[PDB]
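So the structure is just underneath, and the comments pick up after that.
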Amino acid sequence: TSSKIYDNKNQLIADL
Amino acid sequence: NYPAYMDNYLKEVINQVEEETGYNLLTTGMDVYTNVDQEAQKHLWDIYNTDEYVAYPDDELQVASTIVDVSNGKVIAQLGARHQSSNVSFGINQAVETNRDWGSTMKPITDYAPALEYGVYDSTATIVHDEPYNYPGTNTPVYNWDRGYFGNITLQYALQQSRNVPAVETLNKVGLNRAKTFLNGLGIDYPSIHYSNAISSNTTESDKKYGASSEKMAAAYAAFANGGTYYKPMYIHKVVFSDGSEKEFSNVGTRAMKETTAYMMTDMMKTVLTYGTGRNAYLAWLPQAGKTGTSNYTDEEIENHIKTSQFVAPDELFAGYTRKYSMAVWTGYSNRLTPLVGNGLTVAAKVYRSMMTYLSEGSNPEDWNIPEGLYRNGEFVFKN
Ligand SMILES: [Cl-]
Ligand SMILES: [Cl-]
Ligand SMILES: [Cl-]
Ligand SMILES: [Cl-]
Ligand SMILES: [Zn+2]
Ligand SMILES: [Zn+2]
Ligand SMILES: [Zn+2]
């Protein structure tokens with residue numbers, strides 16, 4: 001249902 | 001929820017996870033750590049979409065590219081289009097597509113690198129030939145972009161001026177078989193290779209494993225930069241499972257060519273930007289090296305779809321790289337029948353100059369070190 005993506009700076013950039 | 005400037009990149013992310021684990025991040029819970037550089041992305045997004053960084057002859061002309069960390073195949077930016085809105089989240093990413101002809105940028109990895117890597121030529125000063133010549137076994141002339149011939153000239157100069165004749169002949173001496181093999185080493189392959197492939201990535205098949213794409217190119221050229229190692233393009237770092245477990249993604253490069261070859265290709269290509277064809281992507285302070293490329297029309301296309309008697313081309317490319325980041329850029333219209341002319345042909349270099357500036361404005365611009373087994377001699381380099 002949820003999956004988060006973090007850039008290389010581990011700072012979340014999107015939630016899918 | 002996700003930003004639009006991350007569409008293309010996020011798509012590649014979703015696919016890589018599936019490929020390795022078999023799970024779809026859209027129908028399963030998990031956190032994924034990618035390799036993107038956010039600001040780099042917004043920067044790249046601004047370059048394409050604004051008018052502050054480069055003069056697009058119009059708002060239709062498309063652009064696509066991939067920036068790779070030469071040291072590990074990590075993709076730190078990718079943007080398949082510009083001014084192309086119609087949010088259909090996760091659509092076709094033109095940065096991984098091989099349906100476009102990369103033309104001239106094909107020369108360095110298909111003819112010249114193999115040549116040097118296999119003994120055919122022993123110095124960047126070797127005399128190659130730019131004289132009337134037909135495709136091997138055929139009577140079809142290999143025409144230089146301007147219909148002229150330079151005569152005897154050095155390897156370097158022929159690579160720097162992007163002359164076709166000495167390129168397709170080089171592939172002849174290297175042998176198609178050896179050449180196709182050398183291409184695989186860089187991640188590129190064709191179901192079948194032919195002499196036209198000496199200056200074109202156009203191929204009979206069209207999977208994804210066949211052809212060249214901004215992704216593949218930037219990863220191929222990265223091998224020159226990193227010294228001769230081919231790094232699989234990587235978008236994902238790690239994926240933590242909902243059930244607590246984690247899967248770390250590691251990439252291990254392979255020797256694609258000897259360091260000698262890499263150094264040599266790099267030296268001839270540094271000249272491309274200086275007095276060569278890649279002048280519009282030149283930076284005095286940045287020790288980089290690249291190759292410009294142009295594809296061409298059939299002839300049926302010329303006699304039935306091209307108006308102007310101007311210099312036209314369905315694709316303009318650039319695949320430059322530094323001591324840190326390799327970057328391949330594609331430019332053309334959605335429909336190859338709409339040509340690139342005048343100031344439109346210059347966008348590939350600029351976008352590259354622009355982006356590469358930003359990417360190296362700080363760092364600490366380093367140069368390359370002539371490897372043991374070679375020795376300078378004025379403009380050129382020779383083997384011991
Ligand atoms: Cl062969
Ligand atoms: Cl041979
Ligand atoms: Cl969690
Ligand atoms: Cl060219
Ligand atoms: Zn910016
Ligand atoms: Zn000859
Ligand atoms: Zn053939």
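A few notes on this one:
- Pairs of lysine residues in region B:181-267 - Cα separation under 13 Å, sequence separation of 8 or more or cross-chain: 4
- DSSP beta bridges in chain B [antiparallel fraction, %, rounded to 5]: 90
- Fewest-first ranking of B:147, B:353, B:323, using other Cβ atoms within 10 Å as the exposure measure: B:147, B:323, B:353
- Stokes-Einstein diffusion coefficient of the protein assembly as shown, Kirkwood radius over Cα pairs, 20 °C, 1.002 mPa s, in µm²/s: 99
- Overall form of region B:61-211 per C-alpha gyration tensor (a/c, 1.5; a/b vs b/c): prolate
- Calculated on C-alpha atoms, the gyration radius of chain B divided by its Kirkwood radius gives an Rg/Rh of 0.96.
- Most positive-pole-ward Cα, B:91, B:36, B:365, against dipole of chain B from beta carbon charges: B:365
- Backbone geometry of region B:178-191 corresponds, through the Karplus equation with coefficients 6.51, -1.76 and 1.60 at θ = phi - 60°, to 3J(HN,Hα) couplings of 4, 5, 4, 4, 4, 5, 4, x, 9, x, 10, 7, 10, x Hz, x marking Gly and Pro.
- Against the main long axis of the alpha-carbon atoms of chain B, helix B:259-273 sits at an angle near 80°.
- Per-peptide average of other Cβ atoms within 10 Å, ordering B:50-63, B:116-129 highest first: B:116-129, B:50-63
- Distribution of pairwise C-alpha distances over region B:195-295, 10 Å bins, in %: 13, 31, 34, 15, 6, 1
- C-alpha long axis of helix B:165-174 to longest principal axis of chain B, angle in °: 80
- Residues B:67, B:76 arranged by fewest to most Cβ contacts within 10 Å: B:76, B:67
- Sorted by Cβ neighbour density within 10 Å, fewest at the top, the residues B:282, B:221, B:2, B:375: B:375, B:2, B:282, B:221
- Dipole moment magnitude, nearest 20 debye, the protein assembly as shown about Cα centre, only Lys, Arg, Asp, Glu C-beta charged: 780
- Relative to the Cα centre, the charge distribution of chain B, modelled as +1 at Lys and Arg Cβ and -1 at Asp and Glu Cβ, gives a dipole magnitude of about 800 debye.
- Within the same chain, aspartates and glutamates fewer than 8 places from residue B:180 are excluded, and of the rest, those with a Cα less than 14 Å from its Cα are B:111, B:117, B:189.
All of the numbers you see were taken from the coordinates with simple rules; none came from a lab. Positions of Cβ are backbone-derived with ideal geometry, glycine not excepted, and every protein chain shown enters the neighbour counts.
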